[PDB]
């Protein structure tokens, strides 16, 4: 246990990418709270690999010398921004969130849900890329994988949509998974299928349930730096 007790804002988060390795790129960044959500598509330098195209149902098309994202469900063009502009929007969103919580807020805990740690590494890598890590840490204090709650309430492997249906939308979309990660964690932490997301005790139960798994940003950065040191040598 390394995240000290306090008054935190709980925020679900997830990402869509061109692949499942640290060298790949974020294509959508999404975050969620019951009263506020954020999502932004990001234009990659490369194209999504076959598995990523199928997973997210998004691909890159070319029109002459221009490239742009396209939905494989609606067949409509997807408006996107650069990675830096999307991150600056994300940081502003995190900051107005901590602001709205008042001077008693100790920061934000980003909650993600996955078997193989990936989401926090990719986000921290993109922040580190542009020198935004210091600004980020002013708002966010920890990433916390909520999958451990699911492991304690089970049954080996169960997806998010699988857990949500049991405890009670296209899950290839990061914005859908950011909501699911939050709600599933709120349900499991309260032993309730329909908890009140605006209830002080419900959110307090949620925080205390995930706190043992919450890592400080500094801790994940060190894990990130190590994983990057290996790929550079193992290349």
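Positions refer to the first chain, counted from 1.
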Checklist outcome for this item: As the entry stands, the deposited residues without coordinates between residue 154 and residue 155 add up to 4 to 9
Checklist entry - Would you class the number of unmodelled deposited residues between residue 191 and residue 192 as none, 1 to 3, 4 to 9, or 10 or more? => result none
Checklist outcome for this item: Avg C-alpha B-factor, entry values, 86 to 94 vs 155 to 163, higher side is 155 to 163
Checklist entry - Once you work out the mean C-alpha B-factor for both 95 to 103 and 112 to 120 from the entry, which is higher? => result 95 to 103
Checklist entry - At the C-alpha atoms, which of 28, 208, 35, 57 reaches the highest B-factor in this entry? => result 35
Checklist entry - Which of these, 195, 50, 44, 172, has its C-alpha atom at the highest B-factor, as the entry lists it? => result 195
Item to check | Cα B factor band for residue 81 (lowest, middle or highest third within the chain) | outcome: lowest
Checklist entry - Among the chain's modelled residues, which third holds the C-alpha B-factor of residue 222? => result highest
Next on the checklist: Ranking every modelled residue in this chain by its Cα temperature factor as given in the entry, which third contains residue 40?
Outcome noted: lowest
Checklist outcome for this item: Of the three thirds of Cα B-factor ranks in this chain, residue 143 occupies the lowest
Checklist entry - Hey, what third does residue 74 fall into on Cα B-factor, ranked over its chain? => result highest
